[PDB]
Amino acid sequence: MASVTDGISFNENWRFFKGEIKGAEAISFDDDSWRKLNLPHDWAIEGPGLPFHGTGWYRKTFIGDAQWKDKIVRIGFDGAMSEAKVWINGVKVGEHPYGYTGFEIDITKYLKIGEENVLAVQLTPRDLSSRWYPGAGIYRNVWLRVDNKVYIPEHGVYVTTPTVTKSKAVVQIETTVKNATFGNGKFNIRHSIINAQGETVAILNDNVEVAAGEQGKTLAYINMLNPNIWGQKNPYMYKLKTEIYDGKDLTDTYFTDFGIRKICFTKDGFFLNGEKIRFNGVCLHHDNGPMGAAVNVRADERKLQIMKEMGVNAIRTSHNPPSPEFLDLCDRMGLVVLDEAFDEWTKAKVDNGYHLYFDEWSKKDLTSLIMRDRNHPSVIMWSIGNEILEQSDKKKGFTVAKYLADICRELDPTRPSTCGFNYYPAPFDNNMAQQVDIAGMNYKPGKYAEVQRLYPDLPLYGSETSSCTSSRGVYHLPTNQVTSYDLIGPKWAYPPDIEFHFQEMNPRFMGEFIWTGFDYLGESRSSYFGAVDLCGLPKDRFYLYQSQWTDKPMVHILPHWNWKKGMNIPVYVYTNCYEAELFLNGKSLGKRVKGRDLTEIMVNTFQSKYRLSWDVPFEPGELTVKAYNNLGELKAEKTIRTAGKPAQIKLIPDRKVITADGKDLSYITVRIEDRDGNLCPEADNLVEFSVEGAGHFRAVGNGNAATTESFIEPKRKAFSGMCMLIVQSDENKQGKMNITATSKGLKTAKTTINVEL
Ligand SMILES: OC[C@H]1CNC[C@@H](O)[C@H]1O
């Protein structure tokens, strides 16, 4: 029934064709040769940065179900990258250029009940339309919505919490109802607020009069006593079930996930639930490396989990709306989010960027973003742009900023607007920074003090920071890869130590958002900016951040200990403990106290309190680091060993049990070890993979930016000792999935993944 169903998946059973072909929108077109696949789908991750432009066609053929007779029928696309045209039974019903905002088509008038129907989508992504890897295809989920003629249209519930206290929160709810009948009506609304255990704990009644053919809105509120407060440690989520009634008859059911938290900002900082919050933040691009751009919940969850292990409490969605699923995870995992709309406005950064669409589409797209995301408790700011060229239009650039900021204020005043500024002092002197609620600075720690003198009333944070580059496990002593000593970057870049320093000296700054948390795909086809590599393996940079951003005692040592006798090895230790002591084959090499024994790093040079360092003449064997508190008590330790020749493969699944849904993944780390089980720190052995039983091979990676190996062939070379196998369940198939990893001259490895549900 249409009254109980709130939008089901329309992802299954499509036809795809990469390339231009005449008349493929037509009912009678013959797509029998076309490849068969389920959405979501990124075609650009398959081919051989990686080519992302051209033409792609999708067609789905379906019977008009008898239950859809006299119903309103819509197809929702969360994302199609990019330049979409859509047809139903040959009639054009949709056209959407921007690939990061979703859109909806109404197929009610053209739907044929009991006969065949053909939904056709053409994507024409252009070259030079993105500064990073966008993907190509219907890369986000697609939804079928079958409603009765009185119903809640898309983004039709808006949930706010204008009072949030320990004793009582007030939940305010705006309901939008569409009356597609030929009669005026008064309709009842029942809001059921449902807790984490599935029990309805409060019901709020409302109603609305809507004339025939029209849409109406109504507002009501309800008290929640002793509420479960959404916070970073305890990210408690409620579920709102909204039911529409026409007299005794239910006409529609509509669900909204929401949380209960208050946010507040002054010129001196940001506040969550009445407490100062600081952003230990990361920028992330939307791809998931070997998995490409197609939405995958587990891929995103893993990425966010790894970021939380680093001490990350905040995300900047550089530089576009993310998927809804990504934001659902942030909600569930207690991360605060800066939800960013655009990378350029009226002035072009790239030839076929958003400036082509800005005048016609900017209001519609920003409106669509805020309407889509204004119920996520994770979202705390609307970022209207990143590094936009209008920063240097002295006379008029501020007007475009105001225009976008006013739309933020009109649609959702419960969250501040912001923007990421890379020019200095331009947008501060040109009246631009003042048009948003909170100003973000990109790569300007040296100017933090000065901008506060000149513009003391602006709230501030580092919207983009560091841009330090490294390759995982690569050290250049004394290139095509970059040193993992974390010194090098582009002209505006600087090591993390510099941001930490200037964050401490400028407490008003709300925090930072590093470029980037994970490596991402480009247009060397991928990045080096990530603290974690493209397949989810932490670089040494991860531990530098972890040492600064977490309390749980840790210690990490670099580099590896496969060197030549005679070399002097600079040895760096990152810890959150008071001091550390280095031991080479049992012999002490000295204590070093953090904040006292400083490490000089080249930028001219900086004395950093954030690294501990030794100069060690290389004798082979084992190098052990011990971290202590200020009483001398051992709190953590790590040991690294000079490894021998590659002898064996070890396989480490992140999860030995996965869901039998056809989408869920196990990420199996692949190690190249010597005879004693020590990792071979520079190994590049080709590993081959075989997957049998309940599931299949999905993808491989190694975090190497400068390779052309496929992400989707069952073979991959190690990089700096490791690579990564990704397997996936088959839908509704339980049991064992058996993996075998082989490599010429090494001991074969096996592991089993169990698949349930
Ligand atoms: O260091 C490179 C970064 C500069 N800021 C904008 C990002 O998208 C990226 O290009």
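Residues: numbered from 1 along the sequence shown. Counting convention: from 1, in listed order, for ligands and their atoms alike. Just so you know, these numbers use all the heavy atoms, side chains as well, and skip hydrogens, waters and symmetry mates.
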May I ask you to check whether [X] has an N/O atom sitting below 3.5 Å from an N/O atom of ligand 1?
X: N386; value: no
X: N442; value: no
X: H319; value: yes
X: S467; value: yes

Residue part near ligand 1, for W515, under 4.0 Å between non-hydrogen atoms: side chain
Residue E387 vicinity, atoms of ligand 1 by number, heavy atom under 4.0 Å: 4 (C), 5 (N), 6 (C)
Atoms of ligand 1, numbered as shown, that sit under 4.0 Å from any heavy atom of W492: 1 (O), 2 (C)
Listed partners of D373 passing side-chain contact (heavy atoms from CB on, under 4.5 Å), at least two apart: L327, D339, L369, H376, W382
Pair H319-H285, side-chain contact (heavy atoms from CB on, under 4.5 Å): steps then yes or no: CA-CA 8 Å; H319 307 286; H285 274 301; 4.0 Å; yes
Set of residues satisfying ring pair (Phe, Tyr, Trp, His ring centres under 6.0 Å) with respect to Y100, sequence neighbours excluded: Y98, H286
Ring centroid separation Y485 to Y475 under 6.0 Å: yes
contact_flag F529 ligand 1 heavy-atom lt 4.0 Å: yes
Heavy-atom check, side chain of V451 versus side chain of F421, under 4.5 Å: no
Check ion pair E301-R332 (N to O, under 4.0 angstrom): yes
